[PDB]
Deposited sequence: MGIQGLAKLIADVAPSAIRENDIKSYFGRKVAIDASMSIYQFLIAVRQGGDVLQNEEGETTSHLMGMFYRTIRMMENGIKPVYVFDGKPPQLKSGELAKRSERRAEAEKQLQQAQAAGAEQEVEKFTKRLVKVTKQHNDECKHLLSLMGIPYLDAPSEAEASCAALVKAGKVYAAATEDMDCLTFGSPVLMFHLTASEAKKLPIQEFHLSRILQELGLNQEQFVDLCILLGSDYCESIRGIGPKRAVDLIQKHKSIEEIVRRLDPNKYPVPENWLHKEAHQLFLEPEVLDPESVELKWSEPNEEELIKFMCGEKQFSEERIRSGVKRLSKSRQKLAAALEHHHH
């Protein structure tokens, strides 16, 4: 994401953040970065220091998390579409390349979660590149109400609305924090292109940031000079030298014109979970408790009925 962007918005554009009761979201569609969720589950869902697993050692922490987080959302009337990352851009790979077993999401984790989601009737999409960019595209085209993510990248990708820390709001019984991009730009007095340059200065996954430039300086410089190139000419090279081989022009273009899925091609449905196949998969292969799975499918089934009744005469 963007280093410190969340903190900055709260401190400088407080009106861009609204708190709404969770009831008021009943019926709404949200886009979710599924690769980011799998990673959180692999890291946090542990016992004795190891992931949950079946007898033969296959990882199940990610299925555990995806199954119950998704059902909890549906019970609050929030309808998720999961976006899976595609091949990362060159800059992301290059920046990672420049930078206790280390957790990593594999194609196998993705495929297993895709298989679970299909048996649950939960829609998912494959982004051609960055999932957050495609999430932004779904919000922009009106296919979902918001991206539900902790990665402020979506904002840099133009997502008009972002639901921040949704699952912690659910677990702790707190209102949901909604970020409104337009309000951000209005409070900072910036346009989207200037915001992207600011985000790069704060620190992005695509490229390096100027050493000695942090949140306070970057806001002031972007407001007066309006672009990174105009800033670098005015900056004193002895005091604040830029990093060599700086790829900010390239990172700017990635944020402005990301490869994204076509949102008009997207068909979205939340269909009846397949209880018998879920049992064979989660219990027969993954050794989840059958009593717990059945209970989760029943809650998900009942969730669909309430969503359908609430939305039948109120299409979105």
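**Student:** Tell me, which runs of residues in the deposited sequence have no coordinates at all?
**Tutor:** Comparing the full sequence with the modelled residues, the uncovered ranges come out as 1, 101 to 127.
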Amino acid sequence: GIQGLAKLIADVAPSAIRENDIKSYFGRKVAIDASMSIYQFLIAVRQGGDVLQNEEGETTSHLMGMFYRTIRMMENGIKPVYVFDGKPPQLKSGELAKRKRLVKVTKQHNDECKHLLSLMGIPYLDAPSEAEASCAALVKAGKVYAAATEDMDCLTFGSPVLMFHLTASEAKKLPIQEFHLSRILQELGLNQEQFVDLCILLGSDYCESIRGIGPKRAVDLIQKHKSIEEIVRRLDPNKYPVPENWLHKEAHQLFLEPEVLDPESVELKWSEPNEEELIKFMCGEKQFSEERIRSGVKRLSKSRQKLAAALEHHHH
From here on, numbers count along this sequence of modelled residues.
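**Student:** In the PDB record, does 261 to 269 or 36 to 44 carry the higher mean Cα temperature factor?
**Tutor:** The deposited B-factors put 261 to 269 ahead on the C-alpha mean.
**Student:** Averaging only over Cα atoms, indicate whether 89 to 97 or 103 to 111 has the higher B-factor in the PDB entry.
**Tutor:** Mean CA B-factor is higher for 89 to 97.
**Student:** At the C-alpha atoms, which of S182, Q177, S134, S227 reaches the highest B-factor in this entry?
**Tutor:** Of the options given, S227 has the highest CA B-factor in the PDB entry.
**Student:** Which one of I122, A168, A218, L162 shows the biggest C-alpha B-factor in the PDB entry?
**Tutor:** Reading the PDB entry, the winner on C-alpha B-factor is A218.
**Student:** According to the PDB entry, is the CA B factor of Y82 in the bottom, middle or top third of its chain, that is, lowest, middle or highest?
**Tutor:** Its C-alpha B-factor, which the entry lists for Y82, ranks in the lowest third among residues of this chain.
**Student:** Sorting by Cα B-factor within the chain, modelled residues only, which third would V242 end up in: lowest, middle or highest?
**Tutor:** Within its chain, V242 is a highest-third residue by C-alpha B-factor, going by the deposited values.
**Student:** Can you tell me whether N76 has a C-alpha B-factor in the lowest, middle or highest third compared with the other modelled residues of the same chain?
**Tutor:** CA B-factor rank for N76: lowest third.
**Student:** Would you check the entry's CA temperature factor for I22 and let me know if it's in the chain's lowest, middle or highest third?
**Tutor:** Its C-alpha B-factor belongs to the middle third of this chain's values.
**Student:** What third of the chain, by the recorded C-alpha B-factor, contains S118?
**Tutor:** Lowest third - that is where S118 ends up once the chain's C-alpha B-factors are sorted.
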